[PDB]
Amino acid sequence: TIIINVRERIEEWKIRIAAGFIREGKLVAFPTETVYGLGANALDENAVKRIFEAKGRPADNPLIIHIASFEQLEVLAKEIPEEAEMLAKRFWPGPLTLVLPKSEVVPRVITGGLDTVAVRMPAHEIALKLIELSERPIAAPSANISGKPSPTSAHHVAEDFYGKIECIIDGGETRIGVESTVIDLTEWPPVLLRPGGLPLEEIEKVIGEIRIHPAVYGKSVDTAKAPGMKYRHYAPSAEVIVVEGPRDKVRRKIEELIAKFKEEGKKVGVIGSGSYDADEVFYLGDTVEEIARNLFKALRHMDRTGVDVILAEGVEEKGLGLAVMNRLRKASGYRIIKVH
């Protein structure tokens, strides 16, 4: 593995090293505005397949293709809806992923064997410069072991993958903290498949109101058009209990369980903004924007220690809040103590 520190400023030749790797059919981890992605050349079955391997990822769970130019979209998808052009021209480059019907050049191995392809234009200097220089599209899911928390720093990528992959570009920590929003434009009205860095409300202002796939709220799915729907994800080794309801009643409830779970002789931490006494306590932030930014730091911080159980305070499902609650809820496999 080669780690390229590009935190301070970007230096062309550094990124060129990695571009070579991408071309050589090797794996390269890169920063994005959302999470680090584990990238391969998208036009190379072999390269791509290396990704599912490294991750332990079912060939079933599709990948997202990252582009840097609007013209490469027409290359990867056919019969592009009008809405897609409107969302792309308003929100790309940005934390938005569009599901479209697949052009023929895109390998079935990327899409998990569907005529539907997921595409994004990452809003990050490096992610874009990498794509340009490597003169190829990059298929790139979250750069973690399948099932575990998402990476939001090179440290996180490295503790999962140092040794086992050729390259990690270190860009510092990712600005937003959670994955891109996936919108399905292969149906009318469109469907939100994964809540993300781009709030629903913003998208609904542009194109019409959209529907929400029940996957978002924990319906198991036989077949997945996008990542983060089928299989477990975002989950530490530990157990996670998410508690939601009004401020005090949630805090109160958290306190009962700390003590309850301490009596059973279990080590316990909490994620939230409420100030309890336990082995571990990670403060997520005052604002949702801040919470989204720290969510995986926290989940990984807890996992590295030896807490056997984690208690997460819920948050409002508006804005980035829809994503955090989605992630937490899917981390615990839907253990949600609802308080009234």
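Heads up: residue numbers just count along the shown sequence, starting at 1.
Novice: Which is higher on average in the deposited entry, the C-alpha temperature factors of 272-280 or of 59-67?
Specialist: Result: 272-280.
Novice: Is the mean CA B factor in the deposited entry higher across 256-264 or across 218-226?
Specialist: Per the PDB entry, the higher value belongs to 256-264.
Novice: Just to confirm, going by the entry's C-alpha B-factors, which of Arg175, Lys205, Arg108, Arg90 comes out highest?
Specialist: In the PDB entry, the greatest C-alpha B-factor among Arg175, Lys205, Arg108, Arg90 is found at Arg108.
Novice: Given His156, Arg194, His124, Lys249, identify the residue with the highest C-alpha B factor in the PDB entry.
Specialist: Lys249 has the highest C-alpha B-factor of those listed.
Novice: If you rank every modelled residue in this chain by C-alpha B factor, which third holds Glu179: lowest, middle or highest?
Specialist: Ranked within chain, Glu179 CA B lands in the lowest tercile.
Novice: Can you tell me which third, lowest, middle or highest, the CA B-factor of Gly147 falls into for its chain?
Specialist: It falls in the middle third of the chain.
Novice: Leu311's Cα B-factor: lowest, middle or highest third of the chain?
Specialist: Top third by C-alpha B-factor.
Novice: Taking the entry's C-alpha B-factors for this chain, is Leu299 in the lowest, middle or highest third?
Specialist: Its C-alpha B-factor belongs to the middle third of this chain's values.
Novice: If you rank the chain by CA B-factor, which third does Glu290 end up in: lowest, middle or highest?
Specialist: It belongs to the middle third of the chain when residues are ordered by C-alpha B-factor.
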